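Chemist: Please read through the structure below; I'll follow up with questions.
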Amino acid sequence: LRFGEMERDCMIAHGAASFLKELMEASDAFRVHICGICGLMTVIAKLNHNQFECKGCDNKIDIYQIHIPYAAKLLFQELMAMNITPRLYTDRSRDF
Amino acid sequence: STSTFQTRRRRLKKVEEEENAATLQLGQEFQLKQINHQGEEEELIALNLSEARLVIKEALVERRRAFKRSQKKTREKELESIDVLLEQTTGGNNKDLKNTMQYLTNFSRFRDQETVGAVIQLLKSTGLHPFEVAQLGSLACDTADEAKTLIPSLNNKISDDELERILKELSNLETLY
Amino acid sequence: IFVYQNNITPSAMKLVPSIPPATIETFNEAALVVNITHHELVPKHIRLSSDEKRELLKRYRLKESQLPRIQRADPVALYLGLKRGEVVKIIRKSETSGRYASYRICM
Amino acid sequence: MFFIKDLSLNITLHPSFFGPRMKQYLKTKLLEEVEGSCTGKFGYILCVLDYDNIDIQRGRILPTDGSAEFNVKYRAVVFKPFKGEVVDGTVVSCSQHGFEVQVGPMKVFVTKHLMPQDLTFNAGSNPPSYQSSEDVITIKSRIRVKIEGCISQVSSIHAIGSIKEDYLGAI
Amino acid sequence: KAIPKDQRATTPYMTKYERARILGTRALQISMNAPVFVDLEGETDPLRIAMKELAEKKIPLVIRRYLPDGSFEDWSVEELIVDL
């Protein structure tokens with residue numbers, strides 16, 4: 001089925017970042033992990049022994065889970081490969 | 001890792017990483033013009049031993065305190081008095097800190113946050129760079145040579161005479177034992 | 001602050017941004033006959049110290065760009081003379097809760 | 001030489017601990033994955049200062065699981081030696097190839113041949129040592145070394161230093 | 001980034017979306033032969049057992065609350081108050 005412009009425009013509205021990248025429940029939808037430090041997909045989630053890590057920004061404690069449209073994940077990964085960093089943060093610090 | 005106050009826009013070609021030496025050229029992460037969290041500029045932070053001993057102590061202590069605000073619901077003498085402060089507010093696997101407190105407390109040269117205070121109020125009139133205004137504070141020195149040699153970054157930034165008065169007033173303030 | 005009558009010469013105006021820091025502004029008589037800030041609608045604004053600002057962000061964990069903006073030419077922005085970056089606190093009345101605090105950064 | 005650098009870290013918190021005293025847990029985990037760490041770019045993270053006013057900011061919730069991520073902005077006392085730095089410490093080990101002095105949390109080693117000449121090495125000593133005309137260096141003896149070169153490794157930092165210059169030797 | 005269990009700032013109460021999802025999620029597991037931490041007063045419908053585990057606050061889960069900037073806060077079904 002289709003998840004086009006309009007259905008995207010709503011997910012952006014909803015502010016449902018991850019689901020977009022993954023509009024969602026009926027198309028993409030994907031569950032990725034992040035570092036609460038460096039907002040990337042780096043994280044090495046072993047959903048079993050709960051181990052989580054993220055060497056580099058080195059973590060194990062501060063880690064999130066977000067739902068985003070796979071396409072979006074890919075949007076990001078593709079960006080990173082072009083050396084650009086898309087940071088995913090779960091809290092607003094800039095106010096307003 | 002533990003990120004560091006400035007995002008140096010790395011454009012693919014990461015090559016130039018200079019030498020580390022007493023030419024006062026320290027890793028990019030230690031220029032004298034670094035950035036504070038508030039978003040301001042601030043001189044580097046040069047700690048001379050026995051000044052560090054106090055700052056580490058200071059927190060390790062005010063830690064024990066706020067570590068109980070929530071539980072309601074003479075040389076050798078300091079070796080014991082600290083091991084405790086640790087076995088209380090330390091990771092207990094910070095064998096590094098243990099070893100840093102010994103060293104930091106054995107080779108220290110001041111016991112009064114008042115004595116160390118003058119040390120600072122003194123050298124900080126030089127215009128000298130922080131790494132010097134540190135090596136000077138934690139290194140014994142009788143002659144300008146023992147100094148201007150074990151701290152070559154000085155060589156021309158100060159007359160032998162002056163650097164010598166300061167050295168005089170150092171061993172004068174140098175708390176006893 | 002300079003007050004022109006019918007207008008200024010386009011040869012003239014291009015001489016204000018030539019002596020920094022110092023700043024200058026230009027106002028036509030006809031636009032200052034009535035204080036726009038006295039109008040039933042326009043609520044009162046307030047300049048925020050480069051301190052009060054660096055705080056507004058830290059308390060809402062906001063990035064500068066995620067903040068509601070006001071025009072560099074916006075009438076009230078001129079009445080107070082904002083500068084690209086200066087934030088304003090807009091305090092108005094509300095039928096949902098007497099007073100509502102809002103902010104407008106500049107662009 | 002010891003420093004007080006302004007750092008920051010990222011901790012991913014499982015929803016589980018989204019308790020009443022979360023702030024508490026964070027800080028605590030800050031201190032587990034920091035105090036005693038080691039990098040070539042920061043040196044030795046020895047102690048987190050001002051435990052109290054640690055800035056947590058608002059953390060964002062990731063997007064597949066509920067784990068949230070906060071950028072913990074702190075400040076601590078670091079220490080990373082350099083080539084050409086003069087520091088003195090306590091000797092620890094001493095063998096045919098030299099002795100290793102311990103400057104703080106780190107361990108600087110001195111090559112037999114990086115020392116002077118008139119100083120030989122006595123193996124038949126107990127404890128092991130290095131003898132001279134008038135100087136005697138062994139286990140507990142205090143020395144002052146000049147760090148000639150540094151080498152970062154895993155969770156530590158070693159380095160070679162000399163005592164062949166002037167105003168260098170025991171104290 | 002994470003946030004200490006102190007300095008916590010969210011709502012002490014469980015959001016409908018949360019509770020809604022907890023029960024669901026929990027059902028799902030219970031329905032999958034996961035272990036049940038309450039005595040079944042004879043119940044046999046997962047979402048119904050889930051409603052039970054949730055009233056004796058015996059559900060081993062944690063709701064991670066991401067914030068707009070990425071940081072999160074972690075609360076336990078235990079803590080969170082359930083008005084609704």
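By convention in this document, the chains of the structure tokens carry letters A, B, ... by their order, each chain's residues are numbered from 1, and ligands are numbered from 1 in the order they are shown.
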What are the closest atom pairs, with distances in Å to one decimal, for all residues of chain A lying within 7 Å of chain C? Consider only C-alpha atoms, order rows by chain and residue number, and present the result as JSON lines.
Modeler:
```
{"residue": "A:91", "atom": "CA", "partner": "C:61", "partner_atom": "CA", "distance": 6.8}
{"residue": "A:92", "atom": "CA", "partner": "C:61", "partner_atom": "CA", "distance": 4.1}
{"residue": "A:93", "atom": "CA", "partner": "C:61", "partner_atom": "CA", "distance": 1.4}
{"residue": "A:94", "atom": "CA", "partner": "C:62", "partner_atom": "CA", "distance": 1.1}
{"residue": "A:95", "atom": "CA", "partner": "C:62", "partner_atom": "CA", "distance": 3.3}
{"residue": "A:96", "atom": "CA", "partner": "C:67", "partner_atom": "CA", "distance": 4.5}
```
Chemist: Provide as a PyMOL selection string the residues of chain B at most 12 Å from chain E, counting only C-alpha atoms.
Modeler: chain B and resi 1-3+70
Chemist: Using only C-alpha atoms, find which residues of chain A lie within 8 Å of chain D and jot them down as number ranges by chain.
Modeler: A: 17-19, 30-38, 57, 59-68, 88-93
Chemist: Would you output that residue set with N, CA, C and O atoms, as a compact mmCIF listing (two decimals), in the first residue's frame?
Modeler:
```
# COMPACT_ATOMS: atom_id res chain seq x y z
N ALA A 17 8.90 11.19 14.59
CA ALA A 17 10.17 10.93 13.96
C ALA A 17 10.48 9.49 13.52
O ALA A 17 10.47 9.18 12.31
N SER A 18 10.77 8.62 14.48
CA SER A 18 11.15 7.24 14.18
C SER A 18 10.18 6.47 13.29
O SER A 18 10.61 5.84 12.31
N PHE A 19 8.89 6.51 13.63
CA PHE A 19 7.91 5.80 12.82
C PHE A 19 8.00 6.22 11.36
O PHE A 19 7.85 5.39 10.46
N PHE A 30 9.55 1.01 12.13
CA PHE A 30 10.75 0.30 12.49
C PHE A 30 11.23 0.75 13.89
O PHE A 30 11.04 1.91 14.28
N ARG A 31 11.80 -0.18 14.65
CA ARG A 31 12.27 0.14 16.00
C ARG A 31 13.79 0.12 16.13
O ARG A 31 14.43 -0.93 16.14
N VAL A 32 14.35 1.31 16.24
CA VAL A 32 15.78 1.46 16.35
C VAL A 32 16.16 1.94 17.75
O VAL A 32 15.31 2.36 18.53
N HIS A 33 17.46 1.88 18.03
CA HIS A 33 17.96 2.31 19.31
C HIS A 33 18.89 3.52 19.16
O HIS A 33 19.50 3.72 18.12
N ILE A 34 18.98 4.34 20.19
CA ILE A 34 19.85 5.49 20.11
C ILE A 34 20.75 5.61 21.33
O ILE A 34 20.66 4.85 22.28
N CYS A 35 21.63 6.60 21.27
CA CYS A 35 22.51 6.90 22.37
C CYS A 35 21.91 8.21 22.85
O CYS A 35 21.51 9.05 22.04
N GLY A 36 21.78 8.37 24.15
CA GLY A 36 21.22 9.60 24.65
C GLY A 36 22.30 10.67 24.56
O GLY A 36 22.04 11.86 24.79
N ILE A 37 23.51 10.24 24.23
CA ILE A 37 24.65 11.12 24.11
C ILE A 37 24.84 11.63 22.69
O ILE A 37 24.58 12.80 22.42
N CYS A 38 25.29 10.76 21.80
CA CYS A 38 25.49 11.12 20.40
C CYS A 38 24.27 10.55 19.71
O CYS A 38 24.15 9.33 19.57
N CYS A 57 30.94 6.78 22.03
CA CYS A 57 30.30 7.78 22.87
C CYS A 57 30.26 6.94 24.15
O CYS A 57 29.94 7.44 25.22
N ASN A 59 28.55 3.94 26.02
CA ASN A 59 27.44 4.01 26.95
C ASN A 59 27.14 2.62 27.49
O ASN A 59 28.01 1.77 27.51
N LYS A 60 25.90 2.42 27.92
CA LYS A 60 25.42 1.15 28.47
C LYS A 60 24.22 1.49 29.34
O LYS A 60 23.34 0.66 29.58
N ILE A 61 24.21 2.73 29.80
CA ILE A 61 23.15 3.24 30.66
C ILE A 61 22.14 4.08 29.90
O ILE A 61 20.98 3.68 29.76
N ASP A 62 22.56 5.25 29.42
CA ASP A 62 21.67 6.15 28.70
C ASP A 62 21.40 5.70 27.27
O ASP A 62 22.18 5.96 26.36
N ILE A 63 20.27 5.04 27.09
CA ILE A 63 19.87 4.53 25.79
C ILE A 63 18.36 4.56 25.57
O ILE A 63 17.58 4.21 26.44
N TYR A 64 17.96 4.99 24.38
CA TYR A 64 16.55 5.05 24.09
C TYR A 64 16.17 4.14 22.95
O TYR A 64 17.01 3.53 22.29
N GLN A 65 14.87 4.06 22.75
CA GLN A 65 14.26 3.24 21.73
C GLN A 65 13.25 4.16 21.07
O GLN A 65 12.48 4.83 21.76
N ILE A 66 13.24 4.24 19.76
CA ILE A 66 12.26 5.09 19.10
C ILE A 66 11.66 4.35 17.93
O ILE A 66 12.27 3.43 17.39
N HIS A 67 10.47 4.75 17.52
CA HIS A 67 9.85 4.12 16.38
C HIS A 67 9.90 5.15 15.26
O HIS A 67 9.47 6.29 15.45
N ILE A 68 10.46 4.77 14.12
CA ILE A 68 10.51 5.67 12.96
C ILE A 68 10.42 4.95 11.63
O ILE A 68 10.85 3.81 11.49
N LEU A 88 19.51 12.38 16.82
CA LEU A 88 18.19 12.11 17.34
C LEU A 88 18.20 12.25 18.86
O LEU A 88 18.77 11.41 19.55
N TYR A 89 17.60 13.32 19.37
CA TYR A 89 17.53 13.51 20.82
C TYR A 89 16.10 13.44 21.32
O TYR A 89 15.21 14.01 20.72
N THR A 90 15.90 12.77 22.44
CA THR A 90 14.57 12.61 22.98
C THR A 90 14.06 13.67 23.96
O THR A 90 12.98 13.52 24.54
N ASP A 91 14.81 14.75 24.13
CA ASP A 91 14.41 15.82 25.04
C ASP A 91 14.79 17.18 24.47
O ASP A 91 15.84 17.32 23.86
N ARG A 92 13.93 18.17 24.65
CA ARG A 92 14.26 19.49 24.14
C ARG A 92 15.00 20.29 25.20
O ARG A 92 14.59 20.37 26.36
N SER A 93 16.12 20.87 24.77
CA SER A 93 16.97 21.65 25.64
C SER A 93 17.01 23.09 25.17
O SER A 93 17.52 23.96 25.87
```
Chemist: Can you pull out the residues contacting residue 154 in chain B? Cut-off 10 Å, using only C-alpha atoms, and skip same-chain residues under 5 positions away; I want them as an NGL selection string.
Modeler: :B and (22-24 or 128-129 or 132 or 147-149 or 159 or 163)
Chemist: For the residues in that selection, give me C-alpha atoms as an mmCIF file, in the first residue's frame.
Modeler:
```cif
data_model
loop_
_atom_site.group_PDB
_atom_site.id
_atom_site.type_symbol
_atom_site.label_atom_id
_atom_site.label_comp_id
_atom_site.auth_asym_id
_atom_site.auth_seq_id
_atom_site.Cartn_x
_atom_site.Cartn_y
_atom_site.Cartn_z
ATOM 1 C CA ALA B 22 56.756 21.834 26.708
ATOM 2 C CA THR B 23 56.538 24.306 23.838
ATOM 3 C CA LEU B 24 53.122 24.835 25.373
ATOM 4 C CA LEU B 128 52.521 33.327 32.595
ATOM 5 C CA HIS B 129 50.607 30.496 30.976
ATOM 6 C CA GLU B 132 53.854 26.970 33.893
ATOM 7 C CA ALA B 147 63.502 26.279 37.045
ATOM 8 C CA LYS B 148 63.997 27.756 33.562
ATOM 9 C CA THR B 149 65.401 24.339 32.630
ATOM 10 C CA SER B 159 64.026 37.741 34.206
ATOM 11 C CA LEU B 163 61.534 34.327 38.858
#
```
Chemist: Counting only C-alpha atoms, which residues of chain B sit at most 12 Å from some atom of chain C, and what is each one's closest atom pair with its distance in Å to one decimal, listed by chain and rising residue number, as JSON lines?
Modeler:
```
{"residue": "B:37", "atom": "CA", "partner": "C:58", "partner_atom": "CA", "distance": 10.8}
{"residue": "B:38", "atom": "CA", "partner": "C:54", "partner_atom": "CA", "distance": 7.8}
{"residue": "B:39", "atom": "CA", "partner": "C:54", "partner_atom": "CA", "distance": 8.6}
{"residue": "B:40", "atom": "CA", "partner": "C:54", "partner_atom": "CA", "distance": 10.8}
```
Chemist: Could you save those same residues with N, CA and C atoms as a tab-separated table (two decimals), in the first residue's frame?
Modeler:
```tsv
chain	number	residue	atom	x	y	z
B	37	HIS	N	30.56	25.42	29.80
B	37	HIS	CA	29.23	24.95	29.42
B	37	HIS	C	28.25	26.10	29.20
B	38	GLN	N	28.26	27.08	30.11
B	38	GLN	CA	27.37	28.24	30.00
B	38	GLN	C	27.47	28.88	28.62
B	39	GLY	N	28.53	28.53	27.89
B	39	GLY	CA	28.74	29.06	26.56
B	39	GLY	C	29.72	30.22	26.54
B	40	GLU	N	30.51	30.34	27.60
B	40	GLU	CA	31.48	31.42	27.69
B	40	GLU	C	32.89	30.92	27.43
```
Chemist: For residue 77 in chain B, list every protein, DNA or RNA residue within 12 Å, evaluated using only C-alpha atoms, and leave out those in the same chain fewer than 6 positions away; present the list as a PDB file with N, CA and C atoms, in the first residue's frame.
Modeler:
```
ATOM      1  N   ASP B  83      41.449   7.356  52.598  1.00  0.00           N
ATOM      2  CA  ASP B  83      41.030   6.013  52.199  1.00  0.00           C
ATOM      3  C   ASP B  83      39.577   5.811  52.577  1.00  0.00           C
ATOM      4  N   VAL B  84      39.188   6.422  53.691  1.00  0.00           N
ATOM      5  CA  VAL B  84      37.820   6.356  54.187  1.00  0.00           C
ATOM      6  C   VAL B  84      36.901   7.167  53.276  1.00  0.00           C
ATOM      7  N   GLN B 102      47.160   9.212  47.049  1.00  0.00           N
ATOM      8  CA  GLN B 102      48.409   8.994  47.767  1.00  0.00           C
ATOM      9  C   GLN B 102      49.375   9.994  47.181  1.00  0.00           C
ATOM     10  N   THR B 105      48.724  13.381  47.760  1.00  0.00           N
ATOM     11  CA  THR B 105      48.825  13.791  49.156  1.00  0.00           C
ATOM     12  C   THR B 105      50.183  13.585  49.808  1.00  0.00           C
ATOM     13  N   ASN B 106      51.055  12.829  49.155  1.00  0.00           N
ATOM     14  CA  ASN B 106      52.386  12.600  49.695  1.00  0.00           C
ATOM     15  C   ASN B 106      53.341  13.673  49.185  1.00  0.00           C
ATOM     16  N   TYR B 177      56.004  20.240  57.860  1.00  0.00           N
ATOM     17  CA  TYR B 177      55.505  18.885  58.053  1.00  0.00           C
ATOM     18  C   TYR B 177      55.865  18.445  59.481  1.00  0.00           C
TER      19      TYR B 177
END
```
Chemist: As a PyMOL selection string, which residues of chain C does DSSP assign to strand (DSSP E or B)?
Modeler: chain C and resi 2-4+26-28+44+47+61+69-70+88-93+99-106
